[PDB]
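Fold and geometry: a report
Each chain, letter by letter, is given below.
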Amino acid sequence: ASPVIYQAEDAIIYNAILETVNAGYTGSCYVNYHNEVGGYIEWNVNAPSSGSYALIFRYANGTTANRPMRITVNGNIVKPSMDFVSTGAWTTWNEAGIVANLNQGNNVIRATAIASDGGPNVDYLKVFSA
Ligand SMILES: [Ca+2]
């Protein structure tokens, strides 16, 4: 499959902000989680058919500590604590990925900060669906 990129600029967010400070993001911005628990980002992701899809986040984590997130798909928690480990700098971007089942149609995919320092900075969500 070819990737479909769900850009930060198009995200639905909570206790998080669209930011452009740190170089190396793609599109027009990335999302920042406000250095606290509970914020999220979410997109409406089309699946042309039911099955397994790769969900890849491009992110930065300029701290030394893991910033894990809960991944929810259509209201069900598919990954209670997905790791987002240090990338070494706020300007160094890496990828983290999982596989999840999507339904034919729209899928609401959310990444929620579960740790006290919030989520990493997230560039986009890439889904191998096309
Ligand atoms: Ca971006």
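Residues numbered from 1 in each chain as written, not as in the entry; some residues may be left out. Heavy atoms only, no water.

For the protein, the name recorded in the PDB entry is LIPOLYTIC ENZYME, G-D-S-L, with Clostridium thermocellum as its organism. Looking at the header, the entry is titled "Native structure of a family 35 carbohydrate binding module from Clostridium thermocellum".

Let's shift gears to the overall build of the protein. A count of helices and strands for the protein gives zero helices and 11 strands. When the helices and strands of the protein are placed in sequence order, the string is β-β-β-β-β-β-β-β-β-β-β. Taken over C-alpha atoms, the radius of gyration comes to 14 Å for the protein, in line with the 14 Å a tight globule of 130 residues would show. Taken along the three principal axes of its C-alpha coordinates, the protein extends 40 × 25 × 20 Å. The burial tally for the protein puts 43% of its 130 residues in the buried class. (Helix = DSSP H or I, 4+ residues; strand = E, 2+ residues; numbered from the N terminus. Rg over C-alpha atoms; globule rule 2.2 N^0.38 Å. Buried < 20%, exposed > 50% of the residue type's maximum accessible area, 1.4 Å probe, protein only.)

Our next topic: the side chain of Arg 67. Among the structural elements, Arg 67 can be located in the loop between β6 (51-60) and β7 (69-73). Buried and unpaired, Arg 67 has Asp 117 as its nearest opposite-charge partner, separated by 5.4 Å. Here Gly 119 takes part through its backbone oxygen, which lies 3.0 Å from a polar atom of the side chain of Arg 67. Discounting chain neighbours no more than four positions away, the residues touching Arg 67 are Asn 35, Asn 61, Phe 84, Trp 90, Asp 117, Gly 118, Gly 119 and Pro 120. (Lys, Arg positive; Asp, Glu negative; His and termini not counted. Salt bridge = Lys/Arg side-chain N within 4 Å of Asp/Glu carboxyl O. Polar contact = N/O pair within 3.5 Å; in protein donor to acceptor, adjacent residues only side chain to side chain. Contact = heavy atoms within 4.5 Å.)

Let us look at the coordination of the calcium ion. Note on the calcium ion: its protein donors are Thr 26 (O), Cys 29 (O), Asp 123 (O) and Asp 123 (OD). The metal-donor distances range over 2.2 to 2.5 Å. For the calcium ion, the donor residues sit on a single chain with the sequence spacing T-x2-C-x93-D. (Donors = N, O, S within 2.8 Å, 3.2 Å for Na, K, Ca; no water.)

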